[PDB]
Amino acid sequence: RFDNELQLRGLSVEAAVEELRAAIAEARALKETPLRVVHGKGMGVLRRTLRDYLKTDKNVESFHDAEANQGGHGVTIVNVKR
């Protein structure tokens, strides 16, 4: 069980990006990091599109897959700028 988990499974790419962008902006304002982005594995459509978005989000310090024990490739960890 975790804090700052964002549930994006079953969303469209556009909807998921919009939610992720809002969540990150919120986290930056509240000085909260890291975020756990729960997108699921599927055919990897959400993961790839959300990683693609994250490479240029102004608020992001870094991002990577979760550890194997904590969702792996179905979760992206976002380190938000402090």
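In its metadata, the entry names X-ray crystallography as the structure determination method and reports 1.199 Å as the resolution.

**Student:** Looking at this model, I keep getting lost on the overall build of the protein. Mind explaining?
**Tutor:** Of the regular secondary structure elements, the protein holds 2 helices and 4 strands. Secondary structure of the protein in N-to-C order comes out as β-α-β-α-β-β. A compact globule built from 82 residues should have a C-alpha radius of gyration of about 12 Å, and the protein, at 11 Å, falls within 12% of that. The dimensions of the protein, computed from C-alpha atoms along their principal axes, are 30 × 30 × 20 Å. Within the protein, residue pairs in contact and separated by at least 24 positions form 62% of the contacts whose partners lie at least 6 positions apart.

**Student:** What am I meant to see in a nonpolar patch on the surface here?
**Tutor:** Residues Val13, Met43 and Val45 make up a contiguous nonpolar surface patch of roughly 290 Å² in combined accessible area. By the element assignment, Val45 lies in helix α2 (residues 45–54). For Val45, a relative accessible area of 44% translates into the label partly exposed.

**Student:** Mind showing me how you'd approach a positive patch on the surface here?
**Tutor:** Together, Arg21, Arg28, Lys31, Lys58 and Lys81 line one region of the surface with positive charge. Inspection of the secondary structure puts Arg21 in helix α1 (residues 13–29). Look at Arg21 and you get partly exposed, because its relative accessible area is 47%.

**Student:** Would you mind showing me how to read the side chain of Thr76 here?
**Tutor:** Relative to the elements of secondary structure, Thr76 occurs in strand β4 (residues 75–80). Its relative accessible area of 2% is what places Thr76 among the buried residues. A distance of 2.8 Å separates a polar atom in the side chain of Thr76 from a polar atom in the side chain of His39. When near neighbours in sequence (up to four residues on either side) are disregarded, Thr76 contacts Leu35, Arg36, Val37, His39, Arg51, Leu54, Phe63 and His64.

**Student:** Got a minute to help me understand the UniProt feature "domain: Smr" (unreviewed entry) in the protein in this structure?
**Tutor:** Following the UniProt record, one finds the feature "domain: Smr" (unreviewed entry) at residues 6–81. With 36% helix and 24% strand, the stretch residues 6–81 has end C-alpha atoms that lie 17 Å from each other.

**Student:** Which parts of the structure should I look at to understand the pairing of β4?
**Tutor:** Regular strands show a simple pattern: their side chains alternate between the two faces of the sheet. With 5 of its 6 residues buried, β4 lies for the most part within the structure. Of the strand pairs in this sheet, strand β2 (residues 35–38) and β4 are connected by 4 bridges, and their pairing is antiparallel. Across the sheet, residue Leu35 finds its bridge partner in β4, namely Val78.

Definitions and limits used
- Residues numbered from 1 in each chain as written, not as in the entry; some residues may be left out.
- Heavy atoms only, no water.
- Residues with missing side-chain atoms left out of burial classes, pairs and counts.
- Helix = DSSP H or I, 4+ residues; strand = E, 2+ residues; numbered from the N terminus.
- Rg over C-alpha atoms; globule rule 2.2 N^0.38 Å.
- Contact = heavy atoms within 4.5 Å.
- Patch = residues over 30% accessible without salt bridge, like charges linked within 9 Å, V, L, I, M, F, W, Y side chains within 5 Å.
- Areas by Shrake-Rupley, 256 points an atom, 1.4 Å probe, with all protein chains shown as cover.
- Salt bridge = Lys/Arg side-chain N within 4 Å of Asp/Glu carboxyl O.
- Buried < 20%, exposed > 50% of the residue type's maximum accessible area, 1.4 Å probe, protein only.
- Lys, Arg positive; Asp, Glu negative; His and termini not counted.
- Charge placed at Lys NZ, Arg CZ, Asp CG, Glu CD.
- Polar contact = N/O pair within 3.5 Å; in protein donor to acceptor, adjacent residues only side chain to side chain.
- UniProt positions renumbered as here; feature names shortened; annotations may be inferred.
- Pairing = 2+ DSSP bridges.

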